[PDB]
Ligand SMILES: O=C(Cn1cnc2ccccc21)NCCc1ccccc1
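Here you get one chain, nothing else, as structure tokens; it is the form solved without this ligand.
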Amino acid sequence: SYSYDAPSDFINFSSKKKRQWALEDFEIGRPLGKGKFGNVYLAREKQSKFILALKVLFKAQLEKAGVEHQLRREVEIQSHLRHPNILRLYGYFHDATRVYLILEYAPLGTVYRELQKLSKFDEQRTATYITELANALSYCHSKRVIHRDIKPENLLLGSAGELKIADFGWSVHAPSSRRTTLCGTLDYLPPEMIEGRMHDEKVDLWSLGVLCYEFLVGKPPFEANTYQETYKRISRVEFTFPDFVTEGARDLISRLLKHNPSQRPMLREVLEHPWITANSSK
């Protein structure tokens, strides 16, 4: 069933067909990280010496959890996207045991690692990330695609330090049929998923507000000691700002963290926000 609506043809990374991708086309390097069902390796295409990232998923693990359909959604959606702030999925291929994803290589790693080293981000670095993320989110929503898994671990950094969305393992194409699945990461779950209501593209707006908070504070706003307490604080929208948070950021985060999904602003309003337009570098 590993036949996706996504490229699997060999790509000549030196110009501008018939042969398909194969593991013999790539030199493998150190692993960039471990995933849900397999590591992600730094790789190099042999003919062009082009550096990219190879995400390996073992077919045996995906069937124990029954996530073959979400992998189909991940590969088919991401491979048809073209945006500077979105990680490229050049193609895929598979053998008897594994499924391979030929991903764009982000040289500067994850935003998550930059946040661990700097503890918290300044306002300019935050506003620029939010602008780059909202731009890529607006491109996704223009194709009726909801990411539904916005978190620092899924935000990578390109050559110029620009932000690029990664990991579409929970994304979905919802043109009008609005979805129902409880999915994502705990601290970034929107209220409509915890309370069992049907959600739309406004869940990326909520996770954007949670992300802007953690960028400035260093901890997500609804962080708790258990899943039990985190569920309540997200449902109540129970969070407070430290004193060093400015009124401009205090306004944007509060606008994005509305319990009512319809009251959360549009991505254009986030891009035109006074706090953004004042501190964003892009």
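Numbers follow the displayed sequence, beginning with 1.
The protein also exists as the form deposited with this ligand bound; that form is not presented, and the subsequent description refers to it.
Trainee: Take this ligand as it is posed in the deposited complex, superpose the C-alphas around its site onto the chain shown here, and state whether the site is open or blocked, counting it as blocked when 3 or more ligand atoms lie within 2.4 Å of a backbone or C-beta atom.
Mentor: Judged by the transferred pose of this ligand in the deposited complex, this form is blocked (3 or more ligand atoms within 2.4 Å of backbone or C-beta).
Trainee: Counting non-hydrogen atoms within 4.5 angstroms of this ligand in the deposited complex, say which of 203, 130, 210, 75 makes the cut.
Mentor: Of 203, 130, 210, 75, the residue with a heavy atom within 4.5 Å of this ligand in the deposited complex is 75.
Trainee: Report whether the minimum heavy atom distance between residue 68 and this ligand in the deposited complex is within 4.5 Å.
Mentor: Yes, residue 68 sits close enough to this ligand in the deposited complex that at least one of its heavy atoms falls within 4.5 Å.
Trainee: Hey, in the deposited complex, is residue 179 touching this ligand, heavy atoms inside 4.5 Å?
Mentor: No, no contact at 4.5 Å.
Trainee: Heavy atom within 4.5 Å of this ligand in the deposited complex: which residues of 89 to 106 meet that condition, in order?
Mentor: If the 4.5 Å heavy-atom criterion is applied to this ligand in the deposited complex, 89 to 106 yields 92, 94, 99.
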